[PDB]
$ cat upload15.cif   # mmCIF, C-alpha atoms (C1' of nucleotides); chains and numbers go by the auth columns
data_target
loop_
_atom_site.group_PDB
_atom_site.id
_atom_site.type_symbol
_atom_site.label_atom_id
_atom_site.label_comp_id
_atom_site.label_asym_id
_atom_site.label_seq_id
_atom_site.Cartn_x
_atom_site.Cartn_y
_atom_site.Cartn_z
_atom_site.B_iso_or_equiv
_atom_site.auth_seq_id
_atom_site.auth_asym_id
ATOM 1 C CA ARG A 1 82.585 73.789 -19.038 0.00 335 A
ATOM 2 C CA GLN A 2 80.098 71.925 -21.238 0.00 336 A
ATOM 3 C CA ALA A 3 81.648 73.117 -24.492 0.00 337 A
ATOM 4 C CA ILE A 4 85.190 72.587 -23.218 0.00 338 A
ATOM 5 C CA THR A 5 84.558 69.031 -22.027 0.00 339 A
ATOM 6 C CA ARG A 6 82.683 68.166 -25.224 0.00 340 A
ATOM 7 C CA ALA A 7 85.651 69.402 -27.246 0.00 341 A
ATOM 8 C CA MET A 8 88.123 67.500 -25.069 0.00 342 A
ATOM 9 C CA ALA A 9 86.112 64.293 -25.424 0.00 343 A
ATOM 10 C CA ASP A 10 85.608 64.626 -29.184 0.00 344 A
ATOM 11 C CA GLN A 11 89.014 65.999 -30.268 0.00 345 A
ATOM 12 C CA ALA A 12 91.720 65.201 -27.692 0.00 346 A
ATOM 13 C CA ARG A 13 92.625 61.564 -28.373 0.00 347 A
ATOM 14 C CA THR A 14 94.169 60.297 -31.599 0.00 348 A
ATOM 15 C CA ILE A 15 91.732 57.371 -31.722 0.00 349 A
ATOM 16 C CA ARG A 16 88.353 59.016 -31.206 0.00 350 A
ATOM 17 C CA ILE A 17 86.406 57.791 -28.174 0.00 351 A
ATOM 18 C CA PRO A 18 82.624 58.304 -27.882 0.00 352 A
ATOM 19 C CA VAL A 19 81.525 60.819 -25.283 0.00 353 A
ATOM 20 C CA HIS A 20 79.845 58.234 -23.070 0.00 354 A
ATOM 21 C CA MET A 21 82.818 55.907 -23.263 0.00 355 A
ATOM 22 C CA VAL A 22 84.747 59.078 -22.399 0.00 356 A
ATOM 23 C CA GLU A 23 82.762 59.637 -19.220 0.00 357 A
ATOM 24 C CA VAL A 24 82.955 55.912 -18.421 0.00 358 A
ATOM 25 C CA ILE A 25 86.751 55.899 -18.676 0.00 359 A
ATOM 26 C CA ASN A 26 87.250 59.147 -16.783 0.00 360 A
ATOM 27 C CA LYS A 27 84.850 57.963 -14.070 0.00 361 A
ATOM 28 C CA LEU A 28 86.650 54.646 -13.670 0.00 362 A
ATOM 29 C CA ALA A 29 90.023 56.413 -13.717 0.00 363 A
ATOM 30 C CA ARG A 30 89.107 58.975 -11.056 0.00 364 A
ATOM 31 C CA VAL A 31 87.398 56.436 -8.809 0.00 365 A
ATOM 32 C CA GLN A 32 90.399 54.107 -9.178 0.00 366 A
ATOM 33 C CA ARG A 33 92.612 57.022 -8.160 0.00 367 A
ATOM 34 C CA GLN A 34 90.398 57.372 -5.092 0.00 368 A
ATOM 35 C CA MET A 35 90.839 53.640 -4.409 0.00 369 A
ATOM 36 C CA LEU A 36 94.618 54.011 -4.586 0.00 370 A
ATOM 37 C CA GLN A 37 94.437 57.071 -2.327 0.00 371 A
ATOM 38 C CA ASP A 38 92.300 55.254 0.260 0.00 372 A
ATOM 39 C CA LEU A 39 93.784 51.753 0.289 0.00 373 A
ATOM 40 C CA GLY A 40 97.290 52.971 -0.547 0.00 374 A
ATOM 41 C CA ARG A 41 97.764 50.037 -2.924 0.00 375 A
ATOM 42 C CA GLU A 42 96.824 49.091 -6.468 0.00 376 A
ATOM 43 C CA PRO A 43 93.220 47.804 -6.246 0.00 377 A
ATOM 44 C CA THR A 44 92.398 44.355 -7.549 0.00 378 A
ATOM 45 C CA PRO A 45 90.299 44.309 -10.756 0.00 379 A
ATOM 46 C CA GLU A 46 87.292 42.618 -9.122 0.00 380 A
ATOM 47 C CA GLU A 47 87.074 45.245 -6.375 0.00 381 A
ATOM 48 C CA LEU A 48 87.217 47.959 -9.040 0.00 382 A
ATOM 49 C CA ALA A 49 84.539 46.145 -11.043 0.00 383 A
ATOM 50 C CA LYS A 50 82.123 46.033 -8.119 0.00 384 A
ATOM 51 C CA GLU A 51 82.856 49.668 -7.241 0.00 385 A
ATOM 52 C CA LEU A 52 82.080 50.682 -10.829 0.00 386 A
ATOM 53 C CA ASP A 53 79.049 48.328 -10.492 0.00 387 A
ATOM 54 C CA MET A 54 79.919 46.783 -13.893 0.00 388 A
ATOM 55 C CA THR A 55 81.485 43.376 -14.502 0.00 389 A
ATOM 56 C CA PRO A 56 85.250 42.802 -14.876 0.00 390 A
ATOM 57 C CA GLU A 57 85.097 42.306 -18.649 0.00 391 A
ATOM 58 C CA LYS A 58 83.852 45.871 -19.094 0.00 392 A
ATOM 59 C CA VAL A 59 86.602 47.044 -16.737 0.00 393 A
ATOM 60 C CA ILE A 60 89.266 45.426 -18.917 0.00 394 A
ATOM 61 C CA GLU A 61 87.548 46.665 -22.082 0.00 395 A
ATOM 62 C CA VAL A 62 87.511 50.320 -21.064 0.00 396 A
ATOM 63 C CA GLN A 63 90.993 50.034 -19.542 0.00 397 A
ATOM 64 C CA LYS A 64 92.355 48.861 -22.891 0.00 398 A
ATOM 65 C CA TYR A 65 90.295 51.455 -24.779 0.00 399 A
ATOM 66 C CA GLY A 66 91.657 54.275 -22.599 0.00 400 A
ATOM 67 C CA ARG A 67 95.171 54.387 -24.057 0.00 401 A
ATOM 68 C CA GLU A 68 97.061 56.757 -26.359 0.00 402 A
ATOM 69 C CA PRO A 69 99.397 56.047 -29.312 0.00 403 A
ATOM 70 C CA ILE A 70 103.176 56.259 -29.040 0.00 404 A
ATOM 71 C CA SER A 71 104.857 58.264 -31.789 0.00 405 A
ATOM 72 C CA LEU A 72 107.143 56.408 -34.188 0.00 406 A
ATOM 73 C CA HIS A 73 109.356 59.479 -34.617 0.00 407 A
ATOM 74 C CA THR A 74 110.902 59.174 -31.177 0.00 408 A
ATOM 75 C CA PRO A 75 114.502 58.320 -30.483 0.00 409 A
ATOM 76 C CA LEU A 76 114.864 54.590 -29.899 0.00 410 A
ATOM 77 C CA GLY A 77 117.298 55.509 -27.150 0.00 411 A
ATOM 78 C CA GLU A 78 119.632 52.682 -28.050 0.00 412 A
ATOM 79 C CA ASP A 79 121.205 55.308 -30.267 0.00 413 A
ATOM 80 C CA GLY A 80 120.333 58.938 -30.949 0.00 414 A
ATOM 81 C CA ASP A 81 120.103 58.465 -34.710 0.00 415 A
ATOM 82 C CA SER A 82 117.746 55.486 -34.540 0.00 416 A
ATOM 83 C CA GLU A 83 114.005 56.102 -34.368 0.00 417 A
ATOM 84 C CA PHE A 84 111.157 53.756 -33.459 0.00 418 A
ATOM 85 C CA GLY A 85 109.486 53.900 -36.872 0.00 419 A
ATOM 86 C CA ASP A 86 112.523 52.105 -38.328 0.00 420 A
ATOM 87 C CA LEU A 87 112.413 48.944 -36.197 0.00 421 A
ATOM 88 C CA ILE A 88 108.914 47.426 -36.609 0.00 422 A
ATOM 89 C CA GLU A 89 108.262 45.205 -39.597 0.00 423 A
ATOM 90 C "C1'" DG B 1 120.997 109.879 -45.875 0.00 1 B
ATOM 91 C "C1'" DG B 2 123.807 106.594 -47.684 0.00 2 B
ATOM 92 C "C1'" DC B 3 127.755 104.573 -45.297 0.00 3 B
ATOM 93 C "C1'" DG B 4 129.099 102.060 -41.508 0.00 4 B
ATOM 94 C "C1'" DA B 5 129.916 99.069 -38.081 0.00 5 B
ATOM 95 C "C1'" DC B 6 127.640 96.304 -35.458 0.00 6 B
ATOM 96 C "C1'" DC B 7 124.241 93.988 -34.247 0.00 7 B
ATOM 97 C "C1'" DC B 8 121.433 90.738 -34.609 0.00 8 B
ATOM 98 C "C1'" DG B 9 118.930 87.012 -36.218 0.00 9 B
ATOM 99 C "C1'" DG B 10 119.025 83.249 -38.587 0.00 10 B
ATOM 100 C "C1'" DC B 11 120.522 79.862 -40.513 0.00 11 B
ATOM 101 C "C1'" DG B 12 123.572 75.724 -41.854 0.00 12 B
ATOM 102 C "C1'" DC B 13 126.525 71.897 -41.150 0.00 13 B
ATOM 103 C "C1'" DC B 14 128.651 69.144 -37.654 0.00 14 B
ATOM 104 C "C1'" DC B 15 133.204 60.866 -40.684 0.00 15 B
ATOM 105 C "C1'" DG B 16 131.019 55.583 -41.667 0.00 16 B
ATOM 106 C "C1'" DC B 17 128.407 51.432 -40.588 0.00 17 B
ATOM 107 C "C1'" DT B 18 126.947 47.558 -37.772 0.00 18 B
ATOM 108 C "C1'" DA B 19 125.479 46.239 -32.955 0.00 19 B
ATOM 109 C "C1'" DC B 20 123.606 47.743 -28.298 0.00 20 B
ATOM 110 C "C1'" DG B 21 119.931 49.017 -22.135 0.00 21 B
ATOM 111 C "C1'" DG B 22 115.009 49.669 -20.544 0.00 22 B
ATOM 112 C "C1'" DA B 23 110.759 51.649 -20.473 0.00 23 B
ATOM 113 C "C1'" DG B 24 104.803 53.789 -21.312 0.00 24 B
ATOM 114 C "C1'" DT B 25 102.432 59.138 -17.201 0.00 25 B
ATOM 115 C "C1'" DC B 26 97.720 63.920 -12.037 0.00 26 B
ATOM 116 C "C1'" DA B 27 91.905 67.623 -12.099 0.00 27 B
ATOM 117 C "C1'" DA B 28 82.000 66.679 -14.142 0.00 28 B
ATOM 118 C "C1'" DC B 29 77.589 65.201 -14.660 0.00 29 B
ATOM 119 C "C1'" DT B 30 73.137 63.243 -16.042 0.00 30 B
ATOM 120 C "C1'" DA B 31 69.064 63.072 -18.725 0.00 31 B
ATOM 121 C "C1'" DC B 32 66.985 61.985 -23.011 0.00 32 B
ATOM 122 C "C1'" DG B 33 66.265 60.216 -27.610 0.00 33 B
ATOM 123 C "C1'" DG B 34 67.254 57.898 -31.447 0.00 34 B
ATOM 124 C "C1'" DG B 35 69.235 54.513 -34.257 0.00 35 B
ATOM 125 C "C1'" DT B 36 71.524 50.547 -34.994 0.00 36 B
ATOM 126 C "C1'" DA B 37 72.903 46.154 -33.916 0.00 37 B
ATOM 127 C "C1'" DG B 38 72.191 41.904 -32.410 0.00 38 B
ATOM 128 C "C1'" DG B 39 69.093 37.917 -31.265 0.00 39 B
ATOM 129 C "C1'" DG B 40 65.910 34.197 -32.819 0.00 40 B
ATOM 130 C "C1'" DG B 41 61.922 32.842 -36.139 0.00 41 B
ATOM 131 C "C1'" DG B 42 60.566 31.478 -39.944 0.00 42 B
ATOM 132 C "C1'" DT B 43 60.926 30.781 -45.208 0.00 43 B
ATOM 133 C "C1'" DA B 44 62.259 30.407 -50.363 0.00 44 B
ATOM 134 C "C1'" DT B 45 66.099 28.753 -52.851 0.00 45 B
ATOM 135 C "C1'" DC B 46 70.160 26.147 -54.028 0.00 46 B
ATOM 136 C "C1'" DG B 47 73.024 21.541 -53.582 0.00 47 B
ATOM 137 C "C1'" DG B 48 73.961 16.840 -52.614 0.00 48 B
ATOM 138 C "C1'" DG B 49 72.264 11.512 -52.859 0.00 49 B
ATOM 139 C "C1'" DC B 50 69.517 7.563 -55.040 0.00 50 B
ATOM 140 C "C1'" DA B 51 66.442 5.151 -58.850 0.00 51 B
ATOM 141 C "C1'" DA B 52 65.166 4.653 -63.967 0.00 52 B
ATOM 142 C "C1'" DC B 53 67.102 4.885 -68.795 0.00 53 B
ATOM 143 C "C1'" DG B 54 71.187 5.097 -72.399 0.00 54 B
ATOM 144 C "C1'" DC B 55 75.673 3.635 -74.205 0.00 55 B
ATOM 145 C "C1'" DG B 56 80.440 0.760 -75.489 0.00 56 B
ATOM 146 C "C1'" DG B 57 83.644 -2.653 -75.324 0.00 57 B
ATOM 147 C "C1'" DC B 58 83.644 -6.726 -75.904 0.00 58 B
ATOM 148 C "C1'" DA B 59 81.731 -10.737 -75.870 0.00 59 B
ATOM 149 C "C1'" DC B 60 79.071 -14.428 -76.940 0.00 60 B
ATOM 150 C "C1'" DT B 61 75.833 -16.157 -80.427 0.00 61 B
ATOM 151 C "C1'" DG B 62 78.578 -19.745 -82.811 0.00 62 B
ATOM 152 C "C1'" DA B 63 76.118 -19.776 -87.012 0.00 63 B
ATOM 153 C "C1'" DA B 64 77.648 -19.622 -91.238 0.00 64 B
ATOM 154 C "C1'" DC B 65 80.546 -19.682 -93.873 0.00 65 B
ATOM 155 C "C1'" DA B 66 85.565 -19.589 -95.834 0.00 66 B
ATOM 156 C "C1'" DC B 67 91.066 -21.381 -95.728 0.00 67 B
ATOM 157 C "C1'" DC B 68 94.234 -24.456 -95.998 0.00 68 B
ATOM 158 C "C1'" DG B 69 94.874 -29.200 -95.445 0.00 69 B
ATOM 159 C "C1'" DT B 70 94.213 -33.832 -95.539 0.00 70 B
ATOM 160 C "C1'" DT B 71 93.763 -39.454 -97.280 0.00 71 B
ATOM 161 C "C1'" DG B 72 89.154 -39.983 -99.803 0.00 72 B
ATOM 162 C "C1'" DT B 73 88.804 -41.759 -104.947 0.00 73 B
ATOM 163 C "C1'" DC B 74 89.958 -43.442 -108.885 0.00 74 B
ATOM 164 C "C1'" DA B 75 89.906 -44.733 -114.560 0.00 75 B
ATOM 165 C "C1'" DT B 76 93.746 -45.153 -116.088 0.00 76 B
ATOM 166 C "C1'" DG B 77 98.848 -45.747 -116.860 0.00 77 B
ATOM 167 C "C1'" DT B 78 104.182 -49.186 -116.165 0.00 78 B
ATOM 168 C "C1'" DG B 79 106.055 -54.008 -115.450 0.00 79 B
ATOM 169 C "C1'" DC B 80 106.001 -59.008 -115.613 0.00 80 B
ATOM 170 C "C1'" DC B 81 104.101 -63.453 -117.599 0.00 81 B
ATOM 171 C "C1'" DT B 82 101.860 -66.170 -121.146 0.00 82 B
ATOM 172 C "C1'" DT B 83 100.988 -67.104 -125.927 0.00 83 B
ATOM 173 C "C1'" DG B 84 101.250 -65.650 -130.981 0.00 84 B
#

$ encode --input "upload15.cif" --output "structure tokens"
Amino acid sequence: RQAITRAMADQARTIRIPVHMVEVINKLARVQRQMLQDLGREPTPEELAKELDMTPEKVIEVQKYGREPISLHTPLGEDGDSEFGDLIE
DNA sequence: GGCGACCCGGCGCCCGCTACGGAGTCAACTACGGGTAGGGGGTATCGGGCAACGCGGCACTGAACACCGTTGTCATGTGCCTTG
């Protein structure tokens, strides 16, 4: 499990995330999932911040850092021929 | 045992442009240890603002000469009157 999780942290995401940011983001994600499961509603950012014990600015920071790129070579969907990489200047 | 079908894969394409919708995603943890990165603290080095001098144009110094220009000046020449 150690080797597998190290590999997932260090080689899964297109934009590399440090291992301890990786555990921070997965911790906040799983606990937020628990918040949704308990309260049955999207938790407010301040409540999440206190649950994580960090301040809201770190919450927003890791939330924004925990994304993944979208591929240009995808159909635009407006038309089959068109692709996303041919619409951004 | 090369022919033979047939079989199968395997591939290759599948009119033109504009113009025309949106979007966005399920499964660890903590301990250490370093190294860097930032913070303020303090310090040597470079840059911007004022006083003394030098010029430079012209300007005054007119003073001292020069340039016409003027009415000073005049010993010396025409015109009338008196006498040979």

$ resolve_selection --input "upload15.cif" --expression "the PyMOL selection byres ((chain A) within 9 of (chain B))" --output "ChimeraX atom specification"
/A:335,339,357,404,411-413

$ resolve_selection --input "upload15.cif" --expression "the PyMOL selection byres ((chain A and resi 343-356) around 12)" --output "ChimeraX atom specification"
/A:335-342,357-363,392-393,395-405 /B:28-30

$ residues_around --input "upload15.cif" --residues "residue 390 in chain A" --least-positions-apart "5" --cutoff "8 Å" --atoms "all atoms listed in the file" --output "PDB file with C-alpha atoms, in the coordinates of the input"
ATOM      1  CA  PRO A 379      90.299  44.309 -10.756  1.00  0.00           C
ATOM      2  CA  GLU A 380      87.292  42.618  -9.122  1.00  0.00           C
ATOM      3  CA  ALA A 383      84.539  46.145 -11.043  1.00  0.00           C
TER       4      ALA A 383
END

$ resolve_selection --input "upload15.cif" --expression "the PyMOL selection byres ((chain A and resi 408) around 6)" --output "VMD selection string"
chain A and resid 406 to 407 409 417 to 418

$ residues_near_point --input "upload15.cif" --point "(89.9, 46.3, -9.5)" --cutoff "12 Å" --atoms "only C-alpha atoms (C1' of nucleotides)" --output "VMD selection string"
chain A and resid 362 to 363 365 to 370 373 375 to 394 397

$ atom_distance --input "upload15.cif" --atom1 "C1' of residue 23 in chain B" --atom2 "CA of residue 423 in chain A"
20.3 Å

$ atom_distance --input "upload15.cif" --atom1 "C1' of residue 17 in chain B" --atom2 "CA of residue 410 in chain A"
17.5 Å

$ atom_distance --input "upload15.cif" --atom1 "CA of residue 364 in chain A" --atom2 "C1' of residue 31 in chain B"
21.8 Å

$ build_atoms --input "upload15.cif" --residues "range 363-397 of chain A" --atoms "N, CA and C atoms" --output "mmCIF file, keeping the file's coordinate frame"
data_model
loop_
_atom_site.group_PDB
_atom_site.id
_atom_site.type_symbol
_atom_site.label_atom_id
_atom_site.label_comp_id
_atom_site.auth_asym_id
_atom_site.auth_seq_id
_atom_site.Cartn_x
_atom_site.Cartn_y
_atom_site.Cartn_z
ATOM 1 N N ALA A 363 88.682 55.950 -14.051
ATOM 2 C CA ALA A 363 90.023 56.413 -13.717
ATOM 3 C C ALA A 363 90.026 57.195 -12.409
ATOM 4 N N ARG A 364 89.110 58.155 -12.264
ATOM 5 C CA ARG A 364 89.107 58.975 -11.056
ATOM 6 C C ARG A 364 88.732 58.150 -9.832
ATOM 7 N N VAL A 365 87.749 57.255 -9.961
ATOM 8 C CA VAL A 365 87.398 56.436 -8.809
ATOM 9 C C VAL A 365 88.549 55.503 -8.460
ATOM 10 N N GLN A 366 89.237 54.943 -9.462
ATOM 11 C CA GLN A 366 90.399 54.107 -9.178
ATOM 12 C C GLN A 366 91.492 54.903 -8.479
ATOM 13 N N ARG A 367 91.674 56.163 -8.873
ATOM 14 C CA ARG A 367 92.612 57.022 -8.160
ATOM 15 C C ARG A 367 92.190 57.174 -6.707
ATOM 16 N N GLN A 368 90.887 57.316 -6.466
ATOM 17 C CA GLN A 368 90.398 57.372 -5.092
ATOM 18 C C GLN A 368 90.679 56.065 -4.352
ATOM 19 N N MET A 369 90.522 54.927 -5.030
ATOM 20 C CA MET A 369 90.839 53.640 -4.409
ATOM 21 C C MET A 369 92.308 53.561 -4.024
ATOM 22 N N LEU A 370 93.197 53.997 -4.915
ATOM 23 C CA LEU A 370 94.618 54.011 -4.586
ATOM 24 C C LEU A 370 94.896 54.948 -3.419
ATOM 25 N N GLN A 371 94.232 56.104 -3.401
ATOM 26 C CA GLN A 371 94.437 57.071 -2.327
ATOM 27 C C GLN A 371 93.964 56.515 -0.987
ATOM 28 N N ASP A 372 92.830 55.815 -0.978
ATOM 29 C CA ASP A 372 92.300 55.254 0.260
ATOM 30 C C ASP A 372 93.112 54.048 0.717
ATOM 31 N N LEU A 373 93.160 53.006 -0.113
ATOM 32 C CA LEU A 373 93.784 51.753 0.289
ATOM 33 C C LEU A 373 95.302 51.814 0.200
ATOM 34 N N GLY A 374 95.851 52.834 -0.456
ATOM 35 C CA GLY A 374 97.290 52.971 -0.547
ATOM 36 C C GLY A 374 97.970 51.878 -1.336
ATOM 37 N N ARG A 375 97.225 51.157 -2.170
ATOM 38 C CA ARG A 375 97.764 50.037 -2.924
ATOM 39 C C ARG A 375 96.916 49.877 -4.177
ATOM 40 N N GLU A 376 97.525 49.316 -5.211
ATOM 41 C CA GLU A 376 96.824 49.091 -6.468
ATOM 42 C C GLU A 376 95.608 48.203 -6.224
ATOM 43 N N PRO A 377 94.383 48.662 -6.492
ATOM 44 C CA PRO A 377 93.220 47.804 -6.246
ATOM 45 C C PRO A 377 93.168 46.621 -7.200
ATOM 46 N N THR A 378 92.589 45.528 -6.712
ATOM 47 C CA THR A 378 92.398 44.355 -7.549
ATOM 48 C C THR A 378 91.261 44.604 -8.544
ATOM 49 N N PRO A 379 91.325 44.001 -9.742
ATOM 50 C CA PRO A 379 90.299 44.309 -10.756
ATOM 51 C C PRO A 379 88.874 44.004 -10.322
ATOM 52 N N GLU A 380 88.656 42.948 -9.535
ATOM 53 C CA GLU A 380 87.292 42.618 -9.122
ATOM 54 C C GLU A 380 86.717 43.689 -8.201
ATOM 55 N N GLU A 381 87.534 44.196 -7.276
ATOM 56 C CA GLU A 381 87.074 45.245 -6.375
ATOM 57 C C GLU A 381 86.708 46.496 -7.167
ATOM 58 N N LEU A 382 87.539 46.850 -8.151
ATOM 59 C CA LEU A 382 87.217 47.959 -9.040
ATOM 60 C C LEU A 382 85.929 47.698 -9.806
ATOM 61 N N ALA A 383 85.734 46.464 -10.272
ATOM 62 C CA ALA A 383 84.539 46.145 -11.043
ATOM 63 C C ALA A 383 83.284 46.342 -10.206
ATOM 64 N N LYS A 384 83.300 45.859 -8.963
ATOM 65 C CA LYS A 384 82.123 46.033 -8.119
ATOM 66 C C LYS A 384 81.920 47.499 -7.755
ATOM 67 N N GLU A 385 83.007 48.244 -7.533
ATOM 68 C CA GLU A 385 82.856 49.668 -7.241
ATOM 69 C C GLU A 385 82.233 50.406 -8.421
ATOM 70 N N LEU A 386 82.701 50.121 -9.636
ATOM 71 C CA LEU A 386 82.080 50.682 -10.829
ATOM 72 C C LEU A 386 80.671 50.147 -11.047
ATOM 73 N N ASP A 387 80.319 49.034 -10.405
ATOM 74 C CA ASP A 387 79.049 48.328 -10.492
ATOM 75 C C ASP A 387 78.940 47.515 -11.780
ATOM 76 N N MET A 388 79.904 47.605 -12.695
ATOM 77 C CA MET A 388 79.919 46.783 -13.893
ATOM 78 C C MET A 388 80.731 45.516 -13.634
ATOM 79 N N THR A 389 80.755 44.627 -14.621
ATOM 80 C CA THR A 389 81.485 43.376 -14.502
ATOM 81 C C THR A 389 82.940 43.559 -14.928
ATOM 82 N N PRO A 390 83.821 42.622 -14.558
ATOM 83 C CA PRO A 390 85.250 42.802 -14.876
ATOM 84 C C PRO A 390 85.552 42.919 -16.358
ATOM 85 N N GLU A 391 84.779 42.262 -17.225
ATOM 86 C CA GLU A 391 85.097 42.306 -18.649
ATOM 87 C C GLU A 391 84.968 43.725 -19.187
ATOM 88 N N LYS A 392 83.962 44.467 -18.721
ATOM 89 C CA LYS A 392 83.852 45.871 -19.094
ATOM 90 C C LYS A 392 85.007 46.682 -18.531
ATOM 91 N N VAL A 393 85.458 46.348 -17.320
ATOM 92 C CA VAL A 393 86.602 47.044 -16.737
ATOM 93 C C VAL A 393 87.814 46.899 -17.646
ATOM 94 N N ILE A 394 88.119 45.663 -18.044
ATOM 95 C CA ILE A 394 89.266 45.426 -18.917
ATOM 96 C C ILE A 394 89.058 46.108 -20.262
ATOM 97 N N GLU A 395 87.831 46.055 -20.788
ATOM 98 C CA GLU A 395 87.548 46.665 -22.082
ATOM 99 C C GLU A 395 87.858 48.154 -22.066
ATOM 100 N N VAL A 396 87.296 48.879 -21.098
ATOM 101 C CA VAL A 396 87.511 50.320 -21.064
ATOM 102 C C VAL A 396 88.958 50.635 -20.710
ATOM 103 N N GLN A 397 89.588 49.817 -19.861
ATOM 104 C CA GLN A 397 90.993 50.034 -19.542
ATOM 105 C C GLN A 397 91.853 49.964 -20.795
#
